[PDB]
>>> print(open('protein-v7.pdb').read())   # PDB, C-alpha atoms
MODEL        1
ATOM      1  CA  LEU A   1       0.000   0.000   0.000  1.00  0.00           C
ATOM      2  CA  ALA A   2       2.730   2.528   0.896  1.00  0.00           C
ATOM      3  CA  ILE A   3       4.327   1.955  -2.503  1.00  0.00           C
ATOM      4  CA  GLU A   4       1.063   1.911  -4.488  1.00  0.00           C
ATOM      5  CA  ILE A   5       0.340   5.368  -3.040  1.00  0.00           C
ATOM      6  CA  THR A   6       3.585   6.592  -4.626  1.00  0.00           C
ATOM      7  CA  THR A   7       2.680   5.052  -7.979  1.00  0.00           C
ATOM      8  CA  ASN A   8      -0.787   6.621  -7.856  1.00  0.00           C
ATOM      9  CA  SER A   9       0.631  10.026  -6.906  1.00  0.00           C
ATOM     10  CA  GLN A  10       3.186  10.110  -9.734  1.00  0.00           C
ATOM     11  CA  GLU A  11       0.725   8.784 -12.329  1.00  0.00           C
ATOM     12  CA  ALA A  12      -1.878  11.343 -11.229  1.00  0.00           C
ATOM     13  CA  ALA A  13       0.656  14.163 -11.584  1.00  0.00           C
ATOM     14  CA  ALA A  14       1.625  12.895 -15.043  1.00  0.00           C
ATOM     15  CA  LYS A  15      -2.058  12.651 -16.003  1.00  0.00           C
ATOM     16  CA  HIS A  16      -2.440  16.281 -14.925  1.00  0.00           C
ATOM     17  CA  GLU A  17       0.567  17.279 -17.042  1.00  0.00           C
ATOM     18  CA  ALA A  18      -0.903  15.326 -19.966  1.00  0.00           C
ATOM     19  CA  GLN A  19      -4.111  17.294 -19.431  1.00  0.00           C
ATOM     20  CA  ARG A  20      -1.913  20.406 -19.370  1.00  0.00           C
ATOM     21  CA  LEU A  21      -0.573  19.632 -22.824  1.00  0.00           C
ATOM     22  CA  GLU A  22      -4.063  18.689 -24.046  1.00  0.00           C
ATOM     23  CA  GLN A  23      -5.745  21.799 -22.649  1.00  0.00           C
ATOM     24  CA  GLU A  24      -3.068  24.248 -23.799  1.00  0.00           C
ATOM     25  CA  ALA A  25      -3.316  22.537 -27.190  1.00  0.00           C
ATOM     26  CA  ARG A  26      -7.100  22.953 -27.328  1.00  0.00           C
ATOM     27  CA  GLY A  27      -6.614  26.529 -26.147  1.00  0.00           C
ATOM     28  CA  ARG A  28      -4.579  27.769 -29.075  1.00  0.00           C
ATOM     29  CA  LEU A  29      -6.513  25.344 -31.270  1.00  0.00           C
ATOM     30  CA  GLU A  30      -9.460  27.631 -30.559  1.00  0.00           C
ATOM     31  CA  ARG A  31      -7.461  30.818 -31.202  1.00  0.00           C
ATOM     32  CA  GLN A  32      -6.086  29.554 -34.509  1.00  0.00           C
ATOM     33  CA  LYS A  33      -9.474  28.349 -35.707  1.00  0.00           C
ATOM     34  CA  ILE A  34     -10.364  31.924 -34.770  1.00  0.00           C
ATOM     35  CA  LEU A  35      -7.548  33.698 -36.624  1.00  0.00           C
ATOM     36  CA  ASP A  36      -8.017  31.695 -39.811  1.00  0.00           C
ATOM     37  CA  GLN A  37     -11.730  32.489 -39.738  1.00  0.00           C
ATOM     38  CA  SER A  38     -10.564  36.102 -39.347  1.00  0.00           C
ATOM     39  CA  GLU A  39      -8.732  35.992 -42.677  1.00  0.00           C
ATOM     40  CA  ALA A  40     -11.584  34.073 -44.317  1.00  0.00           C
ATOM     41  CA  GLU A  41     -14.094  36.758 -43.310  1.00  0.00           C
ATOM     42  CA  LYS A  42     -11.651  39.522 -44.280  1.00  0.00           C
ATOM     43  CA  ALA A  43     -11.903  38.317 -47.868  1.00  0.00           C
ATOM     44  CA  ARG A  44     -15.526  37.207 -47.626  1.00  0.00           C
ATOM     45  CA  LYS A  45     -15.823  40.992 -47.580  1.00  0.00           C
ATOM     46  CA  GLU A  46     -14.674  41.002 -51.217  1.00  0.00           C
ATOM     47  CA  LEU A  47     -16.854  37.948 -51.865  1.00  0.00           C
ATOM     48  CA  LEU A  48     -20.048  39.666 -50.918  1.00  0.00           C
ATOM     49  CA  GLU A  49     -19.084  43.090 -52.277  1.00  0.00           C
ATOM     50  CA  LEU A  50     -18.639  41.646 -55.747  1.00  0.00           C
ATOM     51  CA  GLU A  51     -21.364  38.993 -55.434  1.00  0.00           C
TER      52      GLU A  51
ATOM     53  CA  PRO B   1      31.349 -11.659  11.968  1.00  0.00           C
ATOM     54  CA  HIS B   2      34.759 -13.340  11.527  1.00  0.00           C
ATOM     55  CA  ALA B   3      35.598 -14.545   8.009  1.00  0.00           C
ATOM     56  CA  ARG B   4      38.867 -12.937   6.880  1.00  0.00           C
ATOM     57  CA  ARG B   5      42.124 -12.764   8.810  1.00  0.00           C
ATOM     58  CA  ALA B   6      45.366 -11.115   7.732  1.00  0.00           C
ATOM     59  CA  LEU B   7      48.594  -9.975   9.359  1.00  0.00           C
ATOM     60  CA  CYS B   8      48.381  -6.459   7.880  1.00  0.00           C
ATOM     61  CA  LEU B   9      45.971  -3.595   8.567  1.00  0.00           C
ATOM     62  CA  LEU B  10      45.209  -2.080   5.155  1.00  0.00           C
ATOM     63  CA  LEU B  11      45.439   1.703   5.552  1.00  0.00           C
ATOM     64  CA  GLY B  12      45.132   2.620   1.871  1.00  0.00           C
ATOM     65  CA  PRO B  13      41.834   3.737   0.336  1.00  0.00           C
ATOM     66  CA  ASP B  14      39.531   0.785  -0.339  1.00  0.00           C
ATOM     67  CA  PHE B  15      35.861  -0.221  -0.270  1.00  0.00           C
ATOM     68  CA  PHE B  16      33.465  -2.759   1.234  1.00  0.00           C
ATOM     69  CA  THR B  17      31.087  -4.524  -1.173  1.00  0.00           C
ATOM     70  CA  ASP B  18      28.484  -4.743   1.584  1.00  0.00           C
ATOM     71  CA  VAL B  19      24.743  -5.203   1.066  1.00  0.00           C
ATOM     72  CA  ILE B  20      22.263  -4.010   3.694  1.00  0.00           C
ATOM     73  CA  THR B  21      18.600  -4.932   4.298  1.00  0.00           C
ATOM     74  CA  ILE B  22      16.889  -1.603   4.991  1.00  0.00           C
ATOM     75  CA  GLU B  23      13.227  -0.654   5.352  1.00  0.00           C
ATOM     76  CA  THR B  24      11.778   2.742   4.446  1.00  0.00           C
ATOM     77  CA  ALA B  25       8.785   4.526   5.973  1.00  0.00           C
ATOM     78  CA  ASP B  26       6.575   2.756   3.411  1.00  0.00           C
ATOM     79  CA  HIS B  27       7.915  -0.494   4.940  1.00  0.00           C
ATOM     80  CA  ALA B  28       9.500  -1.304   1.561  1.00  0.00           C
ATOM     81  CA  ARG B  29      12.017  -4.024   2.377  1.00  0.00           C
ATOM     82  CA  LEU B  30      14.871  -3.607  -0.090  1.00  0.00           C
ATOM     83  CA  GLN B  31      18.456  -4.811  -0.017  1.00  0.00           C
ATOM     84  CA  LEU B  32      21.098  -2.503  -1.423  1.00  0.00           C
ATOM     85  CA  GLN B  33      24.778  -2.986  -2.224  1.00  0.00           C
ATOM     86  CA  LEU B  34      27.128  -0.458  -0.626  1.00  0.00           C
ATOM     87  CA  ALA B  35      30.763   0.510  -1.154  1.00  0.00           C
ATOM     88  CA  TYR B  36      31.976   2.599   1.828  1.00  0.00           C
ATOM     89  CA  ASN B  37      34.824   4.438   0.142  1.00  0.00           C
ATOM     90  CA  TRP B  38      37.165   4.561   3.138  1.00  0.00           C
ATOM     91  CA  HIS B  39      40.776   5.328   4.021  1.00  0.00           C
ATOM     92  CA  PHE B  40      42.753   5.509   7.242  1.00  0.00           C
ATOM     93  CA  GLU B  41      43.976   8.923   8.390  1.00  0.00           C
ATOM     94  CA  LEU B  42      47.154   9.589  10.384  1.00  0.00           C
ATOM     95  CA  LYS B  43      48.397  13.140  10.915  1.00  0.00           C
ATOM     96  CA  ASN B  44      51.625  12.013  12.638  1.00  0.00           C
ATOM     97  CA  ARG B  45      52.799   8.685  11.232  1.00  0.00           C
ATOM     98  CA  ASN B  46      55.425   8.062  13.917  1.00  0.00           C
ATOM     99  CA  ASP B  47      53.638   8.573  17.252  1.00  0.00           C
ATOM    100  CA  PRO B  48      53.184   5.215  19.040  1.00  0.00           C
ATOM    101  CA  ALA B  49      49.851   6.167  20.634  1.00  0.00           C
ATOM    102  CA  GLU B  50      48.123   7.305  17.441  1.00  0.00           C
ATOM    103  CA  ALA B  51      49.727   4.525  15.388  1.00  0.00           C
ATOM    104  CA  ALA B  52      48.556   1.858  17.847  1.00  0.00           C
ATOM    105  CA  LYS B  53      45.113   3.488  17.861  1.00  0.00           C
ATOM    106  CA  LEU B  54      44.785   2.045  14.345  1.00  0.00           C
ATOM    107  CA  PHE B  55      44.386  -1.450  15.823  1.00  0.00           C
ATOM    108  CA  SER B  56      41.905  -0.214  18.453  1.00  0.00           C
ATOM    109  CA  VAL B  57      38.950  -1.939  16.802  1.00  0.00           C
ATOM    110  CA  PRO B  58      39.999  -5.451  15.670  1.00  0.00           C
ATOM    111  CA  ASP B  59      37.217  -5.685  13.050  1.00  0.00           C
ATOM    112  CA  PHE B  60      37.254  -2.162  11.589  1.00  0.00           C
ATOM    113  CA  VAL B  61      35.752  -3.433   8.323  1.00  0.00           C
ATOM    114  CA  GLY B  62      32.711  -4.781  10.147  1.00  0.00           C
ATOM    115  CA  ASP B  63      32.544  -1.741  12.423  1.00  0.00           C
ATOM    116  CA  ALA B  64      32.456   0.678   9.487  1.00  0.00           C
ATOM    117  CA  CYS B  65      29.907  -1.407   7.578  1.00  0.00           C
ATOM    118  CA  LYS B  66      27.596  -1.845  10.573  1.00  0.00           C
ATOM    119  CA  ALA B  67      27.738   1.830  11.593  1.00  0.00           C
ATOM    120  CA  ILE B  68      27.022   3.139   8.099  1.00  0.00           C
ATOM    121  CA  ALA B  69      24.321   0.506   7.533  1.00  0.00           C
ATOM    122  CA  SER B  70      22.623   1.379  10.825  1.00  0.00           C
ATOM    123  CA  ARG B  71      22.604   5.122  10.191  1.00  0.00           C
ATOM    124  CA  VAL B  72      21.528   4.694   6.551  1.00  0.00           C
ATOM    125  CA  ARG B  73      18.654   2.407   7.533  1.00  0.00           C
ATOM    126  CA  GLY B  74      17.561   4.750  10.324  1.00  0.00           C
ATOM    127  CA  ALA B  75      17.495   7.772   8.032  1.00  0.00           C
ATOM    128  CA  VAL B  76      15.728   6.022   5.132  1.00  0.00           C
ATOM    129  CA  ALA B  77      13.220   4.873   7.771  1.00  0.00           C
ATOM    130  CA  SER B  78      11.947   8.479   7.949  1.00  0.00           C
ATOM    131  CA  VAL B  79      11.215   8.820   4.213  1.00  0.00           C
ATOM    132  CA  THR B  80       8.698   7.270   1.844  1.00  0.00           C
ATOM    133  CA  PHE B  81       9.757   4.871  -0.901  1.00  0.00           C
ATOM    134  CA  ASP B  82       9.111   7.620  -3.451  1.00  0.00           C
ATOM    135  CA  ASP B  83      11.482   9.964  -1.616  1.00  0.00           C
ATOM    136  CA  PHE B  84      14.108   7.249  -1.042  1.00  0.00           C
ATOM    137  CA  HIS B  85      14.147   6.623  -4.758  1.00  0.00           C
ATOM    138  CA  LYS B  86      13.945  10.222  -6.021  1.00  0.00           C
ATOM    139  CA  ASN B  87      16.794  11.452  -3.809  1.00  0.00           C
ATOM    140  CA  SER B  88      18.359   7.999  -3.405  1.00  0.00           C
ATOM    141  CA  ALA B  89      22.044   8.913  -3.305  1.00  0.00           C
ATOM    142  CA  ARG B  90      21.258  12.315  -1.780  1.00  0.00           C
ATOM    143  CA  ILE B  91      19.471  10.994   1.300  1.00  0.00           C
ATOM    144  CA  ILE B  92      21.755   7.973   1.756  1.00  0.00           C
ATOM    145  CA  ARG B  93      24.864  10.168   1.594  1.00  0.00           C
ATOM    146  CA  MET B  94      23.406  12.655   4.070  1.00  0.00           C
ATOM    147  CA  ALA B  95      22.319   9.648   6.148  1.00  0.00           C
ATOM    148  CA  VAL B  96      25.918   8.512   6.614  1.00  0.00           C
ATOM    149  CA  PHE B  97      27.215  11.866   7.907  1.00  0.00           C
ATOM    150  CA  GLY B  98      24.135  13.993   8.622  1.00  0.00           C
ATOM    151  CA  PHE B  99      25.070  17.610   9.307  1.00  0.00           C
ATOM    152  CA  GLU B 100      24.979  21.045   7.641  1.00  0.00           C
ATOM    153  CA  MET B 101      28.353  22.432   6.537  1.00  0.00           C
TER     154      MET B 101
ENDMDL
END
>>> encode(input="protein-v7.pdb", output="structure tokens")
Amino acid sequence: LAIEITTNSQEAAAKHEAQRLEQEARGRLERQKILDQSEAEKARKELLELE
Amino acid sequence: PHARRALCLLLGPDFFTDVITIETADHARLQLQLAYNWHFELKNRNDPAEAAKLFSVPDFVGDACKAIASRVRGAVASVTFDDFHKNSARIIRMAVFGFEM
């Protein structure tokens, strides 16, 4: 038991760091979805002007 | 306890390939092979009193091994298995000669 507690603690911390990578990834995933939609709408301006 | 016997007291730097059976605070019974890098020290290598003090303990090899093993085991006894393996050498080396200098 006193060694399984150590295994659980280290694996939980690594799971949290894996969630860190995942959540930071999803975070700028959102922002870059956002910025590319920015450029798309910037020229959808010309789309709808000329359409 | 009494295995080797020789006519000469080796004063040069040497080691003891000793293995201890320690137990940490998580009760983790683990044996561990030690070295005990040792060497005799004599500031005045002609004085009869100090020179004869070399042969004070007749089993200096066993005395050194037992003392270091005892203190190492006692200090690892206060730490979890996770700590005893993260700072393995760190805590065992401060176990042998625990101080702050």
>>> atom_distance(input="protein-v7.pdb", atom1="atom CA of residue 51 of chain B", atom2="atom CA of residue 11 of chain B")
11.1 Å
>>> resolve_selection(input="protein-v7.pdb", expression="the PyMOL selection byres ((chain B) within 12 of (chain A))", output="tab-separated table (two decimals) with C-alpha atoms, in the frame of the given file")
chain	number	residue	atom	x	y	z
B	23	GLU	CA	13.23	-0.65	5.35
B	24	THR	CA	11.78	2.74	4.45
B	25	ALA	CA	8.78	4.53	5.97
B	26	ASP	CA	6.58	2.76	3.41
B	27	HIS	CA	7.92	-0.49	4.94
B	28	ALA	CA	9.50	-1.30	1.56
B	29	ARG	CA	12.02	-4.02	2.38
B	79	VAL	CA	11.22	8.82	4.21
B	80	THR	CA	8.70	7.27	1.84
B	81	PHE	CA	9.76	4.87	-0.90
B	82	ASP	CA	9.11	7.62	-3.45
B	83	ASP	CA	11.48	9.96	-1.62
B	84	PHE	CA	14.11	7.25	-1.04
B	85	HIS	CA	14.15	6.62	-4.76
B	86	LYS	CA	13.94	10.22	-6.02
>>> atom_distance(input="protein-v7.pdb", atom1="atom CA of residue 54 of chain B", atom2="atom CA of residue 42 of chain B")
8.8 Å
>>> residues_around(input="protein-v7.pdb", residues="residue 17 of chain B", least_positions_apart="2", cutoff="7 Å", atoms="only C-alpha atoms", output="list in words")
residues 15, 19, 33, 34 and 35 of chain B
>>> atom_distance(input="protein-v7.pdb", atom1="atom CA of residue 50 of chain B", atom2="atom CA of residue 5 of chain B")
22.7 Å
>>> residues_around(input="protein-v7.pdb", residues="residue 62 of chain B", least_positions_apart="2", cutoff="12 Å", atoms="all atoms listed in the file", output="list in words")
residues 1, 2, 3, 4, 15, 16, 17, 18, 36, 57, 58, 59, 60, 64, 65, 66, 67, 68, 69 and 70 of chain B
